């Protein structure tokens, strides 16, 4: 998965998450045509009967969360990320740090993240304090012994008062933000 975002001088705003599922998808390339094929259908439940069971012509449940935030009826922030089920958590945390904690956008994006979907599945990024992890594990959590990167948030902020845009790429990949100043 990858997430990108664009905003233009006419007020159009795009927030676009897009994927082939696993890195390199199935690994299968259409011979003579160079196209790598998704494994997206493994996003269905393997055991049928539930909401996300496989059915013909059905779409497998996604976690992609391209998002646009508005203030006073104008778009002011775009957020999104890759990372499977962790996406929802990366988008959540970016919004929390920028809005609830009032952090500058790059700082909000770089704030160490955590993710946990169950009692047996935990991830944390470098910078989550060791003493905190110890404390939480003491209470019943199951954080592991090593950090991992979680997500890759690209984000644009729009200042309608001053007529400016700010773009941010997450350090977890080699992304680039490029502003436009015409003429």
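Residue numbers count along the first chain shown, from 1.
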Entry-level comparison of average CA B-factors, 70 to 78 and 88 to 96, reporting the higher stretch: 70 to 78
Mean Cα B-factor comparison, 79 to 87 or 104 to 112, giving the higher one as deposited: 104 to 112
Identity of residue with top Cα B-factor, from 41, 132, 153, 28: 132
Which of 57, 146, 62, 117 ranks first by CA B-factor in the deposited coordinates: 146
Entry-reported Cα temperature factor of residue 36, expressed as the chain third it lands in: lowest
Assigned third (lowest, middle, highest) for the C-alpha B factor of residue 51: lowest
Modelled-residue ranking by C-alpha temperature factor, third containing residue 161: highest
Chain third (lowest, middle, highest) by recorded CA B-factor, residue given as residue 1: middle
